[PDB]
Amino acid sequence: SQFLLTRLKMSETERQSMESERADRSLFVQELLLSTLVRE
Amino acid sequence: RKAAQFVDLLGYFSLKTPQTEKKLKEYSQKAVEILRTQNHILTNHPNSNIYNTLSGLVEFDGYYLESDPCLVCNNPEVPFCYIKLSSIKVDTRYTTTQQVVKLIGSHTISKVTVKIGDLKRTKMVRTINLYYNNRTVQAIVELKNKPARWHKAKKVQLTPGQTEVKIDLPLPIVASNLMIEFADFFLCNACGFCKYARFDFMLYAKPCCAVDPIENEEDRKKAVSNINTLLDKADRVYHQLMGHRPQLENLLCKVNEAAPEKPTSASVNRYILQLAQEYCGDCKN
Amino acid sequence: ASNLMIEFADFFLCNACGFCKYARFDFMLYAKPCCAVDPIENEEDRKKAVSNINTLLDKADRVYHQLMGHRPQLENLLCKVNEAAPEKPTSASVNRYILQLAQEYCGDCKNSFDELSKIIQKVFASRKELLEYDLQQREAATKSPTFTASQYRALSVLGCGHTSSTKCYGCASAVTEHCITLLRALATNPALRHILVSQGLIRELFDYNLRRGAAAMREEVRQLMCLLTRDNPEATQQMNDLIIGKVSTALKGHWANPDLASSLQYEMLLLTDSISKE
Ligand SMILES: [Zn+2]
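Chains as they are written, first to last, in PDB author numbering: chain C, 289 to 296, 300 to 331; chain A, 3463 to 3647, 3698 to 3775, 3788 to 3809; chain B, 3637 to 3647, 3698 to 3775, 3788 to 3842, 3849 to 3982.
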């Protein structure tokens, strides 16, 4: 616990932004996966 | 493995100090160069194949197939322990007011806790003197001679009625034979029985590797002869150790094939068990 | 048999304890355990057989589920073993994950498999008895069509218990062993050897059977591959091309992965065996 290097926070607005970005990334991956199942 | 704190401080200071780009480039180059050199050493080591194969099969602490034994890896940090004197005692002789003891070998003694039981009001000890020496002798009566061959360690005075006393040594002493003297107020000369009280001894010690000191010329000659004998024994043991490698490589070659064998601690592959017995059993010893 | 009786017809025993003063009798049998059930003679016996078979099926289902529940733990242990991470601590100094794998497979799966096999054998015997009784009753009712010798065996219960399961690992292994033995026998004819090498057998043996099976099977496959190229320059060139290609491909990435360099033992053994035969 005395090692200094082992010890080498986020606000709320950026938390909302991160959650929204996670949402759009999920939607994009969903549509990308749907695109590979289309009929040929 | 001794340089954990050094690299900790080096990383911290390099991270906290603002520096020019040239210094940063030099530092990164040094780090990457050391890493590359160590990786190259690892991948071409003669024992690298054996260790790499053994790592995933057996559980072993150290590397016991090294030509030159490493002083760093051979010398771990041994801690002190509480040892009772009688467990390491070999030969003992008592006199009217002293006690002389010899141990199995050398020891690095730090503290001595002395306990007293079945004491009587008739007579008790007021001053205890401790003596030590690191000269190995075969007969206690030979070392019984008082003045010349002893060193003063500590003098402790006791309040009347004391039962336990803590003889602390500011500097740990490397000793092989010990002596306790009752300076101020008893013991049987033949058997050492004491009717006034019963004394028990404890030590805060750990095993130590040391030899007798040299004071004159015949001692130097004895040291040279002893070192020659030790070198011969070490050479024999080293050859016996290095003789194990062909069998280990044969077993590794057989294990690599992984051929199924028909017949739960006994249901492991026989070659894996032989590998474990050969490495962790004999090479370790 | 399940119960036995011995009668002294022509010439004694205590009615309560069975002590005999005239002589002392001791018995030995040349026997072995047998899986059989009571015969069926009437209808309540059939009902009892049906109930017993239902109970046995339920027990077998429970044991089967308990057996198949072991697979996830086995695959987790296999995944952990494949990493081969060194662990710090002579029969106890072997890697703990290997000990756990041995205990899980040879200790518990074996017991579950044995219990399942016992229950399956009992169920099979009960089914055979029930089907025989049904056939006899149907014949008795019909008696109030000639069959040839082979048709009788086909219809009767004689031809019922000698067929292997379709998805069986051990049986497929045995069939591969028989195929290797037969092909080794066939290859001793030069014309058959040429036809076999024209079929493309060398690549199939090189890619599949070099590393699979017991050690004896592996050596036999090596011997067959050597024999297939006994006096054929084209087959020898093909085998040499396969060996050289594999060794070069492995040696290219040997530096970044040593298992590539240490998994060439069978190719080099094949080369040694081919060269050693003049
Ligand atoms: Zn089968």
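Ideal placement from N, C-alpha and C gives every residue a C-beta, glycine not left out.
C-beta atoms of residue i and residue j nearer than 9 Å
{"i": "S3877(B)", "j": "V3723(B)", "result": "no"}
{"i": "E3802(A)", "j": "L3763(A)", "result": "yes"}
{"i": "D3712(A)", "j": "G3579(A)", "result": "yes"}
{"i": "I3796(B)", "j": "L3519(A)", "result": "yes"}
{"i": "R3897(B)", "j": "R3922(B)", "result": "no"}
{"i": "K3582(A)", "j": "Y3708(A)", "result": "yes"}
{"i": "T3940(B)", "j": "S3978(B)", "result": "yes"}
{"i": "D3630(A)", "j": "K3617(A)", "result": "no"}
{"i": "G3917(B)", "j": "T3885(B)", "result": "no"}
{"i": "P3962(B)", "j": "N3511(A)", "result": "yes"}
{"i": "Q3969(B)", "j": "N3768(A)", "result": "yes"}
{"i": "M3714(A)", "j": "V3562(A)", "result": "no"}
{"i": "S3789(A)", "j": "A3800(B)", "result": "yes"}
{"i": "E3528(A)", "j": "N3793(B)", "result": "no"}
{"i": "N3701(A)", "j": "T3584(A)", "result": "no"}
{"i": "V3599(A)", "j": "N3639(A)", "result": "yes"}
{"i": "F3851(B)", "j": "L3859(B)", "result": "yes"}
{"i": "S3810(B)", "j": "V3749(B)", "result": "yes"}
{"i": "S3791(A)", "j": "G3755(B)", "result": "no"}
According to DSSP, residues forming a beta bridge with residue i
{"i": "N3639(A)", "result": "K3564(A) and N3595(A)"}
{"i": "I3590(A)", "result": "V3618(A) and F3644(A)"}
{"i": "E322(C)", "result": "DSSP output for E322(C) lists no bridge partner at all."}
{"i": "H3569(A)", "result": "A3637(A) and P3719(A)"}
{"i": "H3507(A)", "result": "Its beta-bridge partners do not exist; DSSP assigns none."}
{"i": "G3579(A)", "result": "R3710(A)"}
{"i": "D3731(A)", "result": "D3731(A) is not bridged to any residue."}
{"i": "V3574(A)", "result": "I3629(A) and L3715(A)"}
{"i": "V3520(A)", "result": "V3792(B)"}
{"i": "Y3556(A)", "result": "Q3561(A)"}
{"i": "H3613(A)", "result": "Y3594(A)"}
{"i": "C3543(A)", "result": "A3717(A)"}
{"i": "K3551(A)", "result": "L3565(A)"}
Own chain partners of residue i with C-beta closer than 7 Å, once the 5 adjacent residues on each side are dropped
{"i": "residue 3420(A)", "result": "Nothing can be reported for residue 3420(A): it is not among the residues displayed for chain A, which extend from 3463 to 3809."}
{"i": "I3947(B)", "result": "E3971, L3974 and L3975"}
{"i": "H3958(B)", "result": "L3964 and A3965"}
{"i": "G3863(B)", "result": "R3857"}
Sequence-distant residues of the same chain with beta carbon closer than 8 Å to residue i, five excluded per side
{"i": "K3766(B)", "result": "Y3795"}
{"i": "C3703(A)", "result": "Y3556"}
{"i": "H3613(A)", "result": "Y3593, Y3594 and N3595"}
{"i": "residue 3861(A)", "result": "The requested residue 3861(A) is not part of the displayed model; chain A covers only 3463 to 3809."}
{"i": "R3597(A)", "result": "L3605, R3611, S3638, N3639, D3724 and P3725"}
{"i": "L3828(B)", "result": "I3726, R3732, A3735, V3736 and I3739"}
Own chain partners of residue i with C-beta closer than 6 Å, once the 5 adjacent residues on each side are dropped
{"i": "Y3526(A)", "result": "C3807 and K3808"}
{"i": "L3974(B)", "result": "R3926"}
{"i": "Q3560(A)", "result": "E3643"}
{"i": "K3826(B)", "result": "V3861"}
Quiz item: Residues near ligand 1, CB to any non-hydrogen atom under 7 Å, in chain order?
Solution: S3868(B), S3869(B), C3872(B), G3874(B) and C3875(B)
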